[PDB]
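The block underneath contains the structure these notes are about, expressed in structure tokens.
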Amino acid sequence: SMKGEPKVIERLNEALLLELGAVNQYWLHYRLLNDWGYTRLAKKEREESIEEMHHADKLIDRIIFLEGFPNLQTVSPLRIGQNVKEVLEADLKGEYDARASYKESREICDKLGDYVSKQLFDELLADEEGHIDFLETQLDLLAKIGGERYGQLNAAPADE
Amino acid sequence: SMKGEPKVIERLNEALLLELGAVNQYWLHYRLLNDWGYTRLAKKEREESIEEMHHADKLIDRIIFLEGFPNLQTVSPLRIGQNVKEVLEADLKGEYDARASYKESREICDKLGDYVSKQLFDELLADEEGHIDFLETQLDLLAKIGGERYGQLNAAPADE
Amino acid sequence: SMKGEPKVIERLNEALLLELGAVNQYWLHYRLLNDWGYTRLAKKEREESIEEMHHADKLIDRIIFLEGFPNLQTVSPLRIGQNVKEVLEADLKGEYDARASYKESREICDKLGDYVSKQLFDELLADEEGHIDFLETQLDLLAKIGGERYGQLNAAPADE
Amino acid sequence: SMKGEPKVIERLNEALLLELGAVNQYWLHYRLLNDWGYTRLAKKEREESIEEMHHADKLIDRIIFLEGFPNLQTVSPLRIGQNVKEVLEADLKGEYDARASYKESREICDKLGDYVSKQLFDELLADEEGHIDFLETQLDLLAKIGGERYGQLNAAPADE
Amino acid sequence: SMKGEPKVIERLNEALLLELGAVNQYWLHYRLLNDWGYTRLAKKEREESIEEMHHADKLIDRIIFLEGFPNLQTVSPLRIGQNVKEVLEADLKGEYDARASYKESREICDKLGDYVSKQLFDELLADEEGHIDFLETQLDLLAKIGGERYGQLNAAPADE
Amino acid sequence: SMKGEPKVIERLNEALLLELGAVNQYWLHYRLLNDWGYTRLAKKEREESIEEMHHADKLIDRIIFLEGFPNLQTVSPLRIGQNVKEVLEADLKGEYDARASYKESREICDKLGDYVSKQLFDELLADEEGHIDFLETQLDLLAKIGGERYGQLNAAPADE
Amino acid sequence: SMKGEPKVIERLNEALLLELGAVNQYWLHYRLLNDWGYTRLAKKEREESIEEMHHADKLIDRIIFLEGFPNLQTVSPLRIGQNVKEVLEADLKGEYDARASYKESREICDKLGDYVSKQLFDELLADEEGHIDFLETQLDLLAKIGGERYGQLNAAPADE
Ligand code: HEM
Ligand code: HEM
Ligand code: HEM
């Protein structure tokens, strides 16, 4: 039998809650950024949302294989920025929360002997550190050239 | 100024809550159906989820244009089936809920003079009646040929 | 002069009345079958309707050439099935009615010396016996594998 | 449940009766025009018939979705012209009848809250006013250049 | 042995005499029409001549197969028009003569049991009624728009 | 008869007056922007002018169909900016004027039962709210990054 | 019901018996001709066999449609030639037998009112007179140039 560990399912569900939160956060940021004129940042944000959708699908699939029930009924609390730098910082804070949850989860899976699930958390963890490297670089850039120049760089002219 | 009616924003947010619910419901049904072997139904269910994602994006965009704040923080309650016919019925019940909310909303927008928003609700309404025609036909079919033959029809052989 | 025999025009008009009936019957059966889930049978039924449309056009053209007036004002009485086997049987009964009317009509044209019109009825007659061979085979099949398996065979999975 | 309003089904059936009438009228006009030599007008008339066939299919589909029974058993009374200008006028009179029936029907659907059906009648209404603009222009042309020149314009030379 | 009925050969030869007449009539009409400026009618007339050439070849072939001798030595009397409407009427009169000869001939072949020859006369008969429908339509057109407009329609401008 | 309501024609003419105004305003803004160096904004402005030309053509066509006379003799008063932000604001003010006129007009058409014209005003209304969303986003951008950076973003380098 | 006339089925079976005979005769002639070196005649003979196979399939299909049982258990007596001219004459004798049986059969079908079957016999009859024209021409040729030259003409050189 393939019935998984209850503590393992719990961690996948906890990870799923964060991923659904991040999907919604990134998508709302995409629409707000677009409304503010920052069409190029907006596009990156849409892609980040779609990437997290793919993660959530992977977690769902692993939960059902372990004969657990995935919880899509509730969403982890959203951080909504009100200008460009706040959007980047709200996202980064979310990715650190995610990193820390995935770090704890791979250790729990490891101790309980569920090594395929550990491997899933390890892949999520390397992902989030990817997103974290990206966001921290953008924020350094914003700080070195200033918000208004970072805004201009990430906006399109009116004929696009 | 384009600041919208507060009652109108409320209806768009209420519609958004149902759409996020339906996205999650349809996607979970897709994964459960796949796990049970019904790969062809599963695929239709994935597409229904993606279609509702597009609706939710449209509502979000309209809320932000009216200078409201879209609520993605909470999800309307999910109906999760445990066999094929329950999946179809849970979906249909959700689409009737949606129809009724969109019918009320186009009337509120109409009375308040926000005719572009009325037109959005009218397009959602014709959509949901599309999904409702589809689901009711499948359920009639299931009833006339029986669940196990409806299951067989909607499953793939092992080499696909 | 090409003014045709009054009895000949009468038979073409009588044939036209049956063809308009069959066009409507087959088309309504197409839509009902589709609503019930039998999309593959439905498609064959649409094509049968379109074929009878072509026959009706041929009769109309022959009536006008003989300087008669084609009657499109009334439609011969329709047989509407309420399940798959009734649809097939209602169609077959209509095709036998048609066969018998065309058999009588080619004899009347023959006796009156209008051999081009005889040839039109002969072509319609061979057609209807084509449709009759098709319907009788389907009904034998339905009887040997059972209605619910005949229904399943003639339905599409949900992703089509 | 999706069971529709009885008054709404009645209007769709009334519209269907007019559309079947117009299909037959336009098709008979096509064949008569061709017999008289007006092959170019004839072709436009064939296309108008086929367009109304598509409308009738849409009404049928909406009736069956509302769980009514579409009546294809009877055809609304035909107006058959005996020269070019009479053909155009008989058609135009039919399109005004249609316009008026669709105008009443969208109001009935609107009052009863069946807004998807209202939207169908609104699309038919804009269609018929399209056909009406076309016919009225042709008739003005006929009047300004004279019937025999309008006939010549709408006929082909003998090698086509 | 395949030696045919003497009465049957006689009818094929009688039909051949009419076809050779019609070949010559149509070809002369083609050249006269061209000389008068009616290049488009002229072209249709050339094709009608070539079609009758094909018929004459078919009759010749059937006569020789029945071990008769086809008579190409004499031509049935020609009707030569002197203006457009006379050309059309001379042709039509010839096609009615042909129709009547082919109608009698298929009956003679039928009574004598030569059913392949009957079938040849039946195909010629349906042909001639084709040509008759065409000519009668053109003549109706000529009458409704007038000879000079029918002439103009069937002429080319000077640069063609 | 298709003679339209006098009050309806009046609204179409009033809408036409605003559209001709906007065509001229947008085109003059295009040329002024180009002269000032803002070639990318200039291009968007040319396209906005051409879009309003298409609207004016639609109104003209509807007026003539209703047997009214479209007034192209006078142009609604123009708002001409003298720097980038004034150009955007003059345009936006014009689009709000337009929105409000189209909102009133669809209500008048609705009350008078001219539903095809209502549908035209509804399509114009959704258009103008499109243009309004675009302009308001650009102006927010201008305000957040500053006029001179918004100018730089919307200008081309000297080799283009 | 489509149950056919017993006398009609009998004629189709009688025709089928002749066709199976001719299939076997022509195929054996093909192989014997090839063995004797007459590879070009041999090829024509193979095609004649395959054509008669197609006829036999048509008769079989018509018998089963009329709810008779086709008799493939016995073969009509074969005529086997022992040189080229005997092969051609044996074939021709078989085709005359066939012609005569099909002539009688179309009359029986005609008297009994089975006109689709009459039409099948009429098509077979015109076929056989085709084969008869071909064979009689070849035999005339053989007689005019002599057997050994007819043999040489219908043989291939050794490198083919
Ligand atoms: C359980 C939650 C969700 C799941 C499992 C999910 C899953 C997916 C997947 C697998 C894709 C395919 C992307 C691709 O084509 O590579 C996708 C695309 C997309 N998603 Fe989600 N998603 C979720 C939530 C949302 C939400 C809340 C929205 C809000 C609008 C959304 C909007 C979209 C859109 C617009 C697309 C792509 C449309 C296009 O490419 O044209 N999704 N989603
Ligand atoms: C006098 C009665 C009718 C005549 C003469 C007629 C004739 C025709 C003809 C010649 C075609 C062309 C088919 C092709 O493309 O090969 C056609 C197609 C069609 N007919 Fe009819 N028809 C009649 C009645 C109807 C009715 C009652 C309906 C009901 C909806 C209908 C619906 C259609 C449709 C949907 C098509 C083809 C559309 C497509 O291919 O996308 N027709 N008809
Ligand atoms: C200041 C006044 C106007 C200016 C400067 C202007 C300028 C232009 C230009 C440069 C074009 C490009 C044509 C091409 O593609 O070669 C154009 C096209 C066009 N204009 Fe105007 N125009 C003016 C007034 C109008 C008006 C009053 C109308 C009324 C409807 C109109 C309708 C159109 C349309 C429909 C097109 C082309 C659309 C197509 O090609 O599909 N214009 N105009």
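Letters for chains follow the order of the structure tokens (A, B, ...), residue numbers begin at 1 for each chain, and ligand numbers begin at 1 in the order shown.
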**Request:** Please return, as a VMD selection string, all residues of chain D lying within 8 Å of chain F when only C-alpha atoms are considered.
**Result:** chain D and resid 96 122 125 to 126 133
Using only C-alpha atoms, which residues sit within 9 Å of region 46-52 of chain F once same-chain residues fewer than 2 positions away are excluded, as a tab-separated table (two decimals) with C-alpha atoms, in the first residue's frame?
chain	number	residue	atom	x	y	z
A	159	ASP	CA	2.19	52.78	-28.78
F	19	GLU	CA	-16.67	62.00	-33.01
F	20	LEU	CA	-15.69	64.48	-35.73
F	22	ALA	CA	-12.30	63.87	-31.54
F	23	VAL	CA	-10.93	62.87	-34.97
F	24	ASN	CA	-9.61	66.40	-35.47
F	25	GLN	CA	-8.33	66.70	-31.89
F	26	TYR	CA	-6.44	63.43	-31.98
F	27	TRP	CA	-4.97	64.14	-35.38
F	28	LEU	CA	-3.76	67.60	-34.41
F	29	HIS	CA	-2.31	66.13	-31.23
F	30	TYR	CA	-0.48	63.55	-33.37
F	31	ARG	CA	1.18	66.27	-35.46
F	41	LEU	CA	3.00	58.84	-28.28
F	42	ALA	CA	2.34	60.53	-31.59
F	43	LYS	CA	1.82	57.15	-33.24
F	44	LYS	CA	-0.70	56.01	-30.62
F	54	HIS	CA	-14.34	54.42	-37.99
F	55	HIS	CA	-16.91	55.29	-35.32
F	56	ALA	CA	-18.00	58.35	-37.26
F	57	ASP	CA	-18.51	56.19	-40.36
F	131	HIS	CA	-9.84	54.65	-24.27
**Item:** Atomic distance CA of residue 98 (chain C) - CA of residue 59 (chain G), expressed in Å with one decimal
**Value:**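 Distance between the two atoms: 24.3 Å.
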**Request:** Using DSSP on the backbone coordinates, identify all residues within chain D classified as alpha helix (DSSP H); present the result as a PyMOL selection string.
**Result:** chain D and resi 6-36+39-65+84-112+115-145+147-153
Quick one: residues within 8 Å of residue 92 (chain D), only C-alpha atoms, excluding same-chain residues fewer than 6 positions away - as a short mmCIF file (atom, residue, chain, number, x, y, z; two decimals) with N, CA, C and O atoms, in the first residue's frame?
data_model
loop_
_atom_site.label_atom_id
_atom_site.label_comp_id
_atom_site.auth_asym_id
_atom_site.auth_seq_id
_atom_site.Cartn_x
_atom_site.Cartn_y
_atom_site.Cartn_z
N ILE D 132 -32.93 44.13 -44.29
CA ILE D 132 -33.82 45.20 -44.71
C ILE D 132 -33.05 46.34 -45.37
O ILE D 132 -33.50 46.90 -46.37
N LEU D 135 -32.26 45.02 -49.01
CA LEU D 135 -33.41 44.99 -49.91
C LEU D 135 -33.89 46.38 -50.26
O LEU D 135 -34.31 46.62 -51.40
N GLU D 136 -33.95 47.28 -49.29
CA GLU D 136 -34.43 48.62 -49.61
C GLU D 136 -33.48 49.35 -50.56
O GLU D 136 -33.94 50.19 -51.35
#
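Between CA of residue 109 (chain B) and CA of residue 123 (chain D) the separation is 21.5 Å.
Shell of residue 142 (chain G) at 12 Å, with only C-alpha atoms counted and residues fewer than 4 places along the chain excluded, is residues 84, 85, 86, 88, 89, 135, 136, 137, 138, 146, 147, 148, 149, 150, 151, 152, 153 and 154 of chain G.
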Could you turn the residues from that selection into a file that holds C-alpha atoms, as a PDB file, in the first residue's frame?
ATOM      1  CA  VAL G  84      -5.540 -17.844 -78.157  1.00  0.00           C
ATOM      2  CA  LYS G  85      -8.531 -17.832 -80.487  1.00  0.00           C
ATOM      3  CA  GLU G  86     -10.348 -20.472 -78.400  1.00  0.00           C
ATOM      4  CA  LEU G  88     -11.384 -15.362 -76.933  1.00  0.00           C
ATOM      5  CA  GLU G  89     -14.304 -17.420 -78.241  1.00  0.00           C
ATOM      6  CA  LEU G 135     -13.980  -9.347 -77.740  1.00  0.00           C
ATOM      7  CA  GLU G 136     -15.634  -9.196 -81.139  1.00  0.00           C
ATOM      8  CA  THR G 137     -13.182  -6.507 -82.263  1.00  0.00           C
ATOM      9  CA  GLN G 138     -10.191  -8.557 -81.133  1.00  0.00           C
ATOM     10  CA  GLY G 146      -3.869 -14.068 -88.632  1.00  0.00           C
ATOM     11  CA  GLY G 147      -3.433 -15.903 -85.347  1.00  0.00           C
ATOM     12  CA  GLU G 148       0.351 -15.894 -85.277  1.00  0.00           C
ATOM     13  CA  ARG G 149       0.544 -12.131 -85.835  1.00  0.00           C
ATOM     14  CA  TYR G 150      -2.214 -11.592 -83.291  1.00  0.00           C
ATOM     15  CA  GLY G 151      -0.171 -13.735 -80.922  1.00  0.00           C
ATOM     16  CA  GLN G 152       2.990 -11.755 -81.579  1.00  0.00           C
ATOM     17  CA  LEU G 153       1.193  -8.451 -81.035  1.00  0.00           C
ATOM     18  CA  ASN G 154      -0.063  -9.682 -77.691  1.00  0.00           C
TER      19      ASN G 154
END
